[PDB]
Amino acid sequence: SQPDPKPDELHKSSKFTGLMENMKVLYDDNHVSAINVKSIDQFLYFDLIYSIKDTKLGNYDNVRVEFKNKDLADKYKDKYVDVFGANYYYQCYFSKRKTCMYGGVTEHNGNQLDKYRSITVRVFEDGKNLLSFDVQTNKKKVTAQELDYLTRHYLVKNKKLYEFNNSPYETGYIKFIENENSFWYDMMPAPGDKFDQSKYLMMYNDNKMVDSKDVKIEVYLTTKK
Amino acid sequence: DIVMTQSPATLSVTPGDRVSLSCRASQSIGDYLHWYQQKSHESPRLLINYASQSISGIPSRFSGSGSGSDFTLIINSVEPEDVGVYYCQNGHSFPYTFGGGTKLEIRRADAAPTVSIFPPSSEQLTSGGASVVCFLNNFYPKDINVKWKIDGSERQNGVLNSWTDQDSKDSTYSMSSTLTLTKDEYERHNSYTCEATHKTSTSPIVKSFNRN
Amino acid sequence: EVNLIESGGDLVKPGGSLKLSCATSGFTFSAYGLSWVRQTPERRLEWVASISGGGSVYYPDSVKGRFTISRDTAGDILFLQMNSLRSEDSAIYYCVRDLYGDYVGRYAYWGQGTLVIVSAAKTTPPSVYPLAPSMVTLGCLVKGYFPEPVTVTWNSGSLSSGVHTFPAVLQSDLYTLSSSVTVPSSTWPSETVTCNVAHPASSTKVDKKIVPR
């Protein structure tokens, strides 16, 4: 179970002076999604390459999935999987219609539900009940990444969590609770004048999964004073 | 404000019963409704959050349902240790508000009180006062009538009673009755009796002393 | 692991002021919603004040402008400053912490509570009197004190079974209570049985040995 945020650990959006658009895009409509696909290549020992194509916008013909270790790449190489992630292009390396992401891979066979399950997201602002809504999945075991993306995607659209130039919130973190264990991600960029998408998204490279029946989601936002 | 109503405000149940406790909000609160148990001499304990969402560490026999205005807590196969007060709570919007509580008591086999009487202490008498004390301990059911008899007066003047909450382990009740007089009043009489009328006997339990 | 320890309860005259403290441990103090909830003499629970992780404060109308919730993050201490106290403020005050994070309307961890009494009645120490007669019941009578509480133990808490300590009853601005203990005949008077009574308001501690008549 992950230690909760230490005092002053959470990133403050006011200390980020670059453009918040570079965070927003990661949780806008476009993302990598493929169902029942199998890897076709590999660059380095901790990645897998899939022939997942963006036919709608034409932005990529292949996706490189990066994991934290060799064991994860080996586990999924040659398995039929589902892929779901927030992808990036700047400093995406395959050695030009390519994209990279971290984690987001679940075995297909035996992981499918026959109906969608709902997971309630509870959102708090300055300690108060702000709103709640449901995200849905048809996976028994679903990546935290997929649930985080679905959660933030809603909050961008409906609460302007990220706007092109800034955020209306000072801090935010999303906490996942599964039985006796929890963990969380900071929703705001690191302080300074540039946002490193690759470095941010690398947090998902553990391929962390949760049980879609058991998992609960709480989002804690604080407003700028 | 959102008024939370718990009715019935008291329940008496048999061990193994499925017990249903009701909470109603005066305005919709969605599922932002939490439930608490408070045992005798303890702080409240969170049992259920968000109407139906279970909490690590709480026994499985506790569950909850409802959304909007009408909520239910279920204890599936109530146990002696569940005696206490159950509270619901609006966690939806300010001011946060609690229900008045439902007091839960449990049934068991009838048990006659153990009755003990005590004359005024030498130390109290030196001070000019005289309290005679009767304990009626570990009885069931809770209904009881205690009468002091002073040389065959039975006016219950100067008497104060106190009762324990139902015991979590043995489901019994206890009571104290104290008759307080001036030393001068006390010394005017000889026979002091604490008499308990309880369902367990057609005849009252009598404990007495003679001031001699 | 998680612990919350309230202190500062006292007797105060109507219109007076009091500051409560809640010393916490076993968790990251700044990561959770923290609140005060009180329990009245009628056994009603009432939300009194909340502070979010980011320091936003919230109060019901009944205490707004009289009570102030605050914290010292470095000290892991939560405070409640109470001004212009009214009889309706008489209660057990508990410090409480959220289950998971920065939400102030869900009370997952509670302290033991601290008692606040709002009254102009004067502090008065108890008189403690021994109550002597296979099993034998003894007792002690703790009479004529104000305010609550008193604590009563038997043989410094080593006699825990067979004890009934009854709720205090109020009469003429003074409380009286009794406590009974039941022990085997073979252990009394052979061995010492003593009731230990403490009334912190008057700094009274009495050990009364129960001696046969």
# chains A, B, ... in the order shown; residues from 1 in each chain; ligands from 1
>>> residues_around(residues="residue 174 in chain B", least_positions_apart="6", cutoff="8 Å", atoms="only C-alpha atoms", output="PDB file with N, CA, C and O atoms, in the first residue's frame")
ATOM      1  N   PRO B 113     -32.325 -10.784  39.437  1.00  0.00           N
ATOM      2  CA  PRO B 113     -31.219  -9.948  39.900  1.00  0.00           C
ATOM      3  C   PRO B 113     -30.516 -10.521  41.122  1.00  0.00           C
ATOM      4  O   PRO B 113     -31.144 -11.210  41.927  1.00  0.00           O
ATOM      5  N   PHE B 135     -27.660  -2.661  45.182  1.00  0.00           N
ATOM      6  CA  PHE B 135     -27.313  -3.069  43.822  1.00  0.00           C
ATOM      7  C   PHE B 135     -28.178  -4.251  43.429  1.00  0.00           C
ATOM      8  O   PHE B 135     -28.377  -5.181  44.226  1.00  0.00           O
ATOM      9  N   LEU B 136     -28.702  -4.185  42.213  1.00  0.00           N
ATOM     10  CA  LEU B 136     -29.506  -5.241  41.603  1.00  0.00           C
ATOM     11  C   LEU B 136     -28.828  -5.581  40.292  1.00  0.00           C
ATOM     12  O   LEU B 136     -28.973  -4.857  39.296  1.00  0.00           O
ATOM     13  N   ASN B 137     -28.034  -6.638  40.303  1.00  0.00           N
ATOM     14  CA  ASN B 137     -27.080  -6.863  39.243  1.00  0.00           C
ATOM     15  C   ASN B 137     -27.397  -8.090  38.396  1.00  0.00           C
ATOM     16  O   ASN B 137     -27.868  -9.115  38.896  1.00  0.00           O
ATOM     17  N   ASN B 138     -27.159  -7.925  37.095  1.00  0.00           N
ATOM     18  CA  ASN B 138     -27.139  -8.995  36.093  1.00  0.00           C
ATOM     19  C   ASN B 138     -28.493  -9.643  35.929  1.00  0.00           C
ATOM     20  O   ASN B 138     -28.625 -10.846  36.037  1.00  0.00           O
ATOM     21  N   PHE B 139     -29.508  -8.820  35.663  1.00  0.00           N
ATOM     22  CA  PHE B 139     -30.871  -9.345  35.462  1.00  0.00           C
ATOM     23  C   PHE B 139     -31.383  -9.195  34.027  1.00  0.00           C
ATOM     24  O   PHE B 139     -30.859  -8.393  33.248  1.00  0.00           O
ATOM     25  N   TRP B 163     -28.977   3.034  36.009  1.00  0.00           N
ATOM     26  CA  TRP B 163     -28.980   1.778  35.257  1.00  0.00           C
ATOM     27  C   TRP B 163     -27.819   1.698  34.278  1.00  0.00           C
ATOM     28  O   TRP B 163     -27.471   2.691  33.642  1.00  0.00           O
ATOM     29  N   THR B 164     -27.232   0.514  34.136  1.00  0.00           N
ATOM     30  CA  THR B 164     -26.234   0.295  33.111  1.00  0.00           C
ATOM     31  C   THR B 164     -26.920   0.010  31.788  1.00  0.00           C
ATOM     32  O   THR B 164     -28.080  -0.382  31.728  1.00  0.00           O
ATOM     33  N   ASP B 165     -26.195   0.241  30.714  1.00  0.00           N
ATOM     34  CA  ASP B 165     -26.634  -0.207  29.408  1.00  0.00           C
ATOM     35  C   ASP B 165     -26.522  -1.717  29.381  1.00  0.00           C
ATOM     36  O   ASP B 165     -25.768  -2.315  30.151  1.00  0.00           O
ATOM     37  N   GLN B 166     -27.255  -2.330  28.475  1.00  0.00           N
ATOM     38  CA  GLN B 166     -27.232  -3.773  28.338  1.00  0.00           C
ATOM     39  C   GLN B 166     -25.814  -4.259  28.062  1.00  0.00           C
ATOM     40  O   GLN B 166     -25.136  -3.742  27.174  1.00  0.00           O
TER      41      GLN B 166
ATOM     42  N   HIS C 164     -19.512  -3.229  38.147  1.00  0.00           N
ATOM     43  CA  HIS C 164     -20.533  -2.392  37.538  1.00  0.00           C
ATOM     44  C   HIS C 164     -20.365  -0.987  38.106  1.00  0.00           C
ATOM     45  O   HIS C 164     -20.580  -0.755  39.307  1.00  0.00           O
TER      46      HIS C 164
END
>>> interface_residues(of="chain A", to="chain C", cutoff="8 Å", atoms="only C-alpha atoms", output="VMD selection string")
chain A and resid 4 to 7 124 126 to 129 220 222
>>> closest_atom_pairs(of="chain B", to="chain A", cutoff="9 Å", atoms="only C-alpha atoms", output="CSV")
residue,atom,partner,partner_atom,distance
B:32,CA,A:129,CA,8.5
B:55,CA,A:179,CA,8.3
B:56,CA,A:180,CA,6.4
B:91,CA,A:129,CA,8.0
B:92,CA,A:129,CA,6.3
B:93,CA,A:129,CA,7.1
B:94,CA,A:128,CA,9.0
>>> residues_around(residues="residue 121 in chain A", least_positions_apart="6", cutoff="6 Å", atoms="only C-alpha atoms", output="number ranges by chain")
A: 132-134, 217-218
>>> write_last_selection(atoms="C-alpha atoms", output="mmCIF file, in the first residue's frame")
data_model
loop_
_atom_site.group_PDB
_atom_site.id
_atom_site.type_symbol
_atom_site.label_atom_id
_atom_site.label_comp_id
_atom_site.auth_asym_id
_atom_site.auth_seq_id
_atom_site.Cartn_x
_atom_site.Cartn_y
_atom_site.Cartn_z
ATOM 1 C CA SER A 132 -19.582 11.461 -8.824
ATOM 2 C CA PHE A 133 -19.934 9.576 -12.085
ATOM 3 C CA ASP A 134 -19.269 6.123 -13.426
ATOM 4 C CA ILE A 217 -11.683 5.606 -7.104
ATOM 5 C CA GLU A 218 -11.488 8.895 -5.264
#
>>> closest_atom_pairs(of="chain B", to="chain C", cutoff="9 Å", atoms="only C-alpha atoms", output="JSON lines")
{"residue": "B:32", "atom": "CA", "partner": "C:105", "partner_atom": "CA", "distance": 8.8}
{"residue": "B:33", "atom": "CA", "partner": "C:106", "partner_atom": "CA", "distance": 8.9}
{"residue": "B:34", "atom": "CA", "partner": "C:106", "partner_atom": "CA", "distance": 7.0}
{"residue": "B:36", "atom": "CA", "partner": "C:107", "partner_atom": "CA", "distance": 8.8}
{"residue": "B:42", "atom": "CA", "partner": "C:112", "partner_atom": "CA", "distance": 7.3}
{"residue": "B:43", "atom": "CA", "partner": "C:112", "partner_atom": "CA", "distance": 6.1}
{"residue": "B:44", "atom": "CA", "partner": "C:110", "partner_atom": "CA", "distance": 7.2}
{"residue": "B:45", "atom": "CA", "partner": "C:108", "partner_atom": "CA", "distance": 6.9}
{"residue": "B:46", "atom": "CA", "partner": "C:108", "partner_atom": "CA", "distance": 5.4}
{"residue": "B:47", "atom": "CA", "partner": "C:108", "partner_atom": "CA", "distance": 8.6}
{"residue": "B:49", "atom": "CA", "partner": "C:106", "partner_atom": "CA", "distance": 7.6}
{"residue": "B:87", "atom": "CA", "partner": "C:45", "partner_atom": "CA", "distance": 8.5}
{"residue": "B:89", "atom": "CA", "partner": "C:106", "partner_atom": "CA", "distance": 8.5}
{"residue": "B:90", "atom": "CA", "partner": "C:105", "partner_atom": "CA", "distance": 7.8}
{"residue": "B:91", "atom": "CA", "partner": "C:105", "partner_atom": "CA", "distance": 4.6}
{"residue": "B:92", "atom": "CA", "partner": "C:105", "partner_atom": "CA", "distance": 7.4}
{"residue": "B:93", "atom": "CA", "partner": "C:105", "partner_atom": "CA", "distance": 8.3}
{"residue": "B:94", "atom": "CA", "partner": "C:60", "partner_atom": "CA", "distance": 7.3}
{"residue": "B:95", "atom": "CA", "partner": "C:60", "partner_atom": "CA", "distance": 5.3}
{"residue": "B:96", "atom": "CA", "partner": "C:47", "partner_atom": "CA", "distance": 6.0}
{"residue": "B:97", "atom": "CA", "partner": "C:46", "partner_atom": "CA", "distance": 6.6}
{"residue": "B:98", "atom": "CA", "partner": "C:45", "partner_atom": "CA", "distance": 6.1}
{"residue": "B:99", "atom": "CA", "partner": "C:44", "partner_atom": "CA", "distance": 8.0}
{"residue": "B:100", "atom": "CA", "partner": "C:44", "partner_atom": "CA", "distance": 5.9}
{"residue": "B:101", "atom": "CA", "partner": "C:44", "partner_atom": "CA", "distance": 7.7}
{"residue": "B:116", "atom": "CA", "partner": "C:137", "partner_atom": "CA", "distance": 6.9}
{"residue": "B:117", "atom": "CA", "partner": "C:133", "partner_atom": "CA", "distance": 7.1}
{"residue": "B:118", "atom": "CA", "partner": "C:133", "partner_atom": "CA", "distance": 5.7}
{"residue": "B:119", "atom": "CA", "partner": "C:131", "partner_atom": "CA", "distance": 7.5}
{"residue": "B:120", "atom": "CA", "partner": "C:131", "partner_atom": "CA", "distance": 7.6}
{"residue": "B:121", "atom": "CA", "partner": "C:130", "partner_atom": "CA", "distance": 6.4}
{"residue": "B:122", "atom": "CA", "partner": "C:129", "partner_atom": "CA", "distance": 8.7}
{"residue": "B:123", "atom": "CA", "partner": "C:129", "partner_atom": "CA", "distance": 6.7}
{"residue": "B:124", "atom": "CA", "partner": "C:129", "partner_atom": "CA", "distance": 6.6}
{"residue": "B:131", "atom": "CA", "partner": "C:141", "partner_atom": "CA", "distance": 8.8}
{"residue": "B:133", "atom": "CA", "partner": "C:131", "partner_atom": "CA", "distance": 8.1}
{"residue": "B:135", "atom": "CA", "partner": "C:180", "partner_atom": "CA", "distance": 7.4}
{"residue": "B:137", "atom": "CA", "partner": "C:164", "partner_atom": "CA", "distance": 8.1}
{"residue": "B:160", "atom": "CA", "partner": "C:169", "partner_atom": "CA", "distance": 7.4}
{"residue": "B:161", "atom": "CA", "partner": "C:169", "partner_atom": "CA", "distance": 7.7}
{"residue": "B:162", "atom": "CA", "partner": "C:167", "partner_atom": "CA", "distance": 6.2}
{"residue": "B:163", "atom": "CA", "partner": "C:166", "partner_atom": "CA", "distance": 6.3}
{"residue": "B:164", "atom": "CA", "partner": "C:166", "partner_atom": "CA", "distance": 5.9}
{"residue": "B:174", "atom": "CA", "partner": "C:164", "partner_atom": "CA", "distance": 7.6}
{"residue": "B:175", "atom": "CA", "partner": "C:166", "partner_atom": "CA", "distance": 7.5}
{"residue": "B:176", "atom": "CA", "partner": "C:166", "partner_atom": "CA", "distance": 7.1}
{"residue": "B:178", "atom": "CA", "partner": "C:178", "partner_atom": "CA", "distance": 8.9}
>>> select_by_dssp(residues="range 169-209 of chain B", states="helix (DSSP H, G or I)", output="VMD selection string")
chain B and resid 183 to 187
>>> residues_around(residues="range 14-25 of chain B", least_positions_apart="3", cutoff="8 Å", atoms="only C-alpha atoms", output="PyMOL selection string")
chain B and resi 2-8+28-29+68-80+88+90+99+102+106-108
>>> write_last_selection(atoms="N, CA and C atoms", output="CSV table (one decimal), in the first residue's frame")
chain,number,residue,atom,x,y,z
B,2,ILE,N,-30.6,19.3,6.0
B,2,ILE,CA,-31.1,18.0,5.7
B,2,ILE,C,-31.3,17.3,7.0
B,3,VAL,N,-32.5,17.0,7.3
B,3,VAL,CA,-32.9,16.3,8.5
B,3,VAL,C,-32.9,14.8,8.2
B,4,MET,N,-32.2,14.1,9.1
B,4,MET,CA,-32.0,12.6,9.0
B,4,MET,C,-32.9,12.0,10.1
B,5,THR,N,-33.8,11.1,9.7
B,5,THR,CA,-34.7,10.4,10.6
B,5,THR,C,-34.5,8.9,10.6
B,6,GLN,N,-34.4,8.4,11.8
B,6,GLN,CA,-34.2,7.0,12.0
B,6,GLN,C,-35.4,6.5,12.9
B,7,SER,N,-36.2,5.7,12.3
B,7,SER,CA,-37.4,5.2,12.9
B,7,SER,C,-37.7,3.8,12.4
B,8,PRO,N,-37.8,2.8,13.3
B,8,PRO,CA,-37.9,2.9,14.8
B,8,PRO,C,-36.6,3.4,15.5
B,28,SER,N,-33.0,14.6,-1.1
B,28,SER,CA,-32.1,13.6,-1.7
B,28,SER,C,-30.6,13.9,-1.4
B,29,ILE,N,-29.9,12.9,-1.0
B,29,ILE,CA,-28.5,13.0,-0.8
B,29,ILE,C,-27.7,12.0,-1.6
B,68,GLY,N,-30.8,8.3,-2.4
B,68,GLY,CA,-31.7,9.4,-2.5
B,68,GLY,C,-32.2,9.8,-1.2
B,69,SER,N,-33.3,9.3,-0.7
B,69,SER,CA,-33.9,9.6,0.5
B,69,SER,C,-34.1,8.5,1.5
B,70,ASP,N,-34.1,7.2,1.1
B,70,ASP,CA,-34.5,6.1,1.9
B,70,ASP,C,-33.3,5.1,1.9
B,71,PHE,N,-32.9,4.8,3.1
B,71,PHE,CA,-31.7,3.9,3.3
B,71,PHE,C,-31.9,2.9,4.4
B,72,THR,N,-31.2,1.8,4.3
B,72,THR,CA,-31.4,0.6,5.2
B,72,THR,C,-30.0,0.1,5.5
B,73,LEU,N,-29.8,-0.2,6.8
B,73,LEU,CA,-28.7,-1.0,7.3
B,73,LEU,C,-29.2,-2.3,7.7
B,74,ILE,N,-28.5,-3.4,7.3
B,74,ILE,CA,-28.9,-4.8,7.6
B,74,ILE,C,-27.8,-5.4,8.5
B,75,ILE,N,-28.2,-6.0,9.6
B,75,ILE,CA,-27.3,-6.9,10.3
B,75,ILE,C,-27.8,-8.3,10.1
B,76,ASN,N,-27.1,-9.1,9.4
B,76,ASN,CA,-27.5,-10.4,9.1
B,76,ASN,C,-27.0,-11.5,10.1
B,77,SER,N,-27.9,-11.9,11.0
B,77,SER,CA,-27.7,-12.7,12.1
B,77,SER,C,-27.0,-11.9,13.2
B,78,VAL,N,-27.8,-11.1,13.8
B,78,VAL,CA,-27.4,-10.3,14.9
B,78,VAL,C,-26.8,-11.1,16.1
B,79,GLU,N,-25.8,-10.5,16.7
B,79,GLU,CA,-25.0,-11.2,17.8
B,79,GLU,C,-25.1,-10.3,19.1
B,80,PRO,N,-24.9,-10.9,20.3
B,80,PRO,CA,-25.0,-10.2,21.6
B,80,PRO,C,-24.1,-8.9,21.6
B,88,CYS,N,-27.1,7.1,11.3
B,88,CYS,CA,-26.8,7.4,10.0
B,88,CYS,C,-26.4,8.9,9.9
B,90,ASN,N,-25.7,12.2,6.9
B,90,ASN,CA,-25.6,12.9,5.7
B,90,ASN,C,-24.1,13.4,5.6
B,99,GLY,N,-28.6,11.2,11.9
B,99,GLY,CA,-29.9,10.7,12.4
B,99,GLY,C,-29.8,10.6,14.0
B,102,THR,N,-30.8,4.6,16.3
B,102,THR,CA,-31.6,3.6,16.7
B,102,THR,C,-30.9,2.7,17.8
B,106,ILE,N,-30.9,-6.8,22.8
B,106,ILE,CA,-31.0,-8.2,22.4
B,106,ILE,C,-31.7,-9.0,23.5
B,107,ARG,N,-32.4,-10.1,23.0
B,107,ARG,CA,-33.1,-11.0,23.9
B,107,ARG,C,-32.2,-12.1,24.4
B,108,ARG,N,-32.5,-12.6,25.6
B,108,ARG,CA,-31.8,-13.7,26.2
B,108,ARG,C,-32.8,-14.3,27.2
>>> closest_residue(among="C:21, C:84, C:11, C:38", to="residue 200 in chain C", atoms="only C-alpha atoms")
C:11
>>> select_by_dssp(residues="range 42-225 of chain A", states="strand (DSSP E)", output="PyMOL selection string")
chain A and resi 47-50+62-66+81-85+98-102+105-107+112-125+128-139+141-143+169-178+181-186+209-211+216-223
>>> write_last_selection(atoms="C-alpha atoms", output="short mmCIF file (atom, residue, chain, number, x, y, z; two decimals), in the first residue's frame")
data_model
loop_
_atom_site.label_atom_id
_atom_site.label_comp_id
_atom_site.auth_asym_id
_atom_site.auth_seq_id
_atom_site.Cartn_x
_atom_site.Cartn_y
_atom_site.Cartn_z
CA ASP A 47 9.16 -3.07 -25.01
CA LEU A 48 6.76 -4.56 -27.49
CA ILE A 49 5.65 -3.12 -30.84
CA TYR A 50 2.08 -3.54 -32.13
CA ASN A 62 2.50 1.27 -35.10
CA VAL A 63 2.59 1.66 -31.31
CA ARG A 64 5.59 0.93 -29.08
CA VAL A 65 4.56 -0.20 -25.56
CA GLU A 66 7.26 0.30 -22.92
CA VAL A 81 -3.83 -8.72 -25.52
CA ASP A 82 -5.92 -5.61 -25.16
CA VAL A 83 -4.00 -2.34 -25.25
CA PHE A 84 -5.23 0.95 -23.74
CA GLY A 85 -3.08 3.99 -23.08
CA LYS A 98 4.91 6.11 -34.79
CA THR A 99 3.80 6.56 -31.23
CA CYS A 100 4.87 5.35 -27.81
CA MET A 101 3.09 4.56 -24.54
CA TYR A 102 3.76 2.75 -21.25
CA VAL A 105 -1.62 -4.20 -21.63
CA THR A 106 -3.95 -6.92 -20.36
CA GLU A 107 -4.26 -10.53 -21.57
CA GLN A 112 -13.51 -10.49 -20.81
CA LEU A 113 -16.80 -9.73 -19.09
CA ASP A 114 -20.06 -10.43 -20.95
CA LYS A 115 -21.44 -7.03 -19.83
CA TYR A 116 -19.86 -3.71 -18.85
CA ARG A 117 -19.09 -3.09 -15.21
CA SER A 118 -19.36 0.37 -13.69
CA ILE A 119 -16.82 1.89 -11.25
CA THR A 120 -17.89 5.00 -9.40
CA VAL A 121 -15.49 7.94 -9.33
CA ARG A 122 -15.90 10.17 -6.29
CA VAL A 123 -14.58 13.68 -6.84
CA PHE A 124 -13.83 16.09 -3.99
CA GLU A 125 -12.98 19.75 -4.10
CA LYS A 128 -16.34 18.70 -0.30
CA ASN A 129 -18.40 16.24 -2.33
CA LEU A 130 -18.08 17.82 -5.80
CA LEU A 131 -19.56 15.14 -8.02
CA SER A 132 -19.58 11.46 -8.82
CA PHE A 133 -19.93 9.58 -12.09
CA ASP A 134 -19.27 6.12 -13.43
CA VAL A 135 -16.55 4.80 -15.70
CA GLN A 136 -17.12 1.50 -17.46
CA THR A 137 -15.01 -1.45 -18.45
CA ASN A 138 -15.59 -4.96 -19.82
CA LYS A 139 -12.28 -6.26 -18.39
CA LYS A 141 -8.63 -6.98 -14.51
CA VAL A 142 -8.16 -3.46 -15.90
CA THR A 143 -5.08 -1.23 -15.87
CA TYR A 169 -7.05 23.56 -9.67
CA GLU A 170 -3.88 23.95 -7.65
CA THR A 171 -3.39 20.28 -6.71
CA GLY A 172 -5.00 17.02 -7.62
CA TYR A 173 -4.44 13.35 -7.03
CA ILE A 174 -6.38 10.25 -7.92
CA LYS A 175 -6.44 7.39 -5.40
CA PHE A 176 -7.30 3.78 -6.17
CA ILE A 177 -8.49 1.55 -3.32
CA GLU A 178 -8.68 -2.22 -3.71
CA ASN A 181 -4.39 -1.74 -0.52
CA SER A 182 -4.20 1.67 -2.18
CA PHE A 183 -2.05 3.77 -4.46
CA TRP A 184 -2.29 7.14 -6.14
CA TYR A 185 -1.02 9.39 -8.97
CA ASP A 186 -0.34 13.11 -8.94
CA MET A 209 -3.89 -3.70 -12.80
CA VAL A 210 -6.89 -3.77 -10.49
CA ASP A 211 -10.00 -5.94 -10.17
CA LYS A 216 -12.83 2.21 -5.86
CA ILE A 217 -11.68 5.61 -7.10
CA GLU A 218 -11.49 8.89 -5.26
CA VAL A 219 -10.15 12.15 -6.75
CA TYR A 220 -9.02 14.99 -4.48
CA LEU A 221 -8.76 18.45 -5.97
CA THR A 222 -7.83 21.74 -4.29
CA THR A 223 -8.59 25.18 -5.67
#
>>> atom_distance(atom1="CA of residue 57 in chain A", atom2="CA of residue 86 in chain A")
15.7 Å
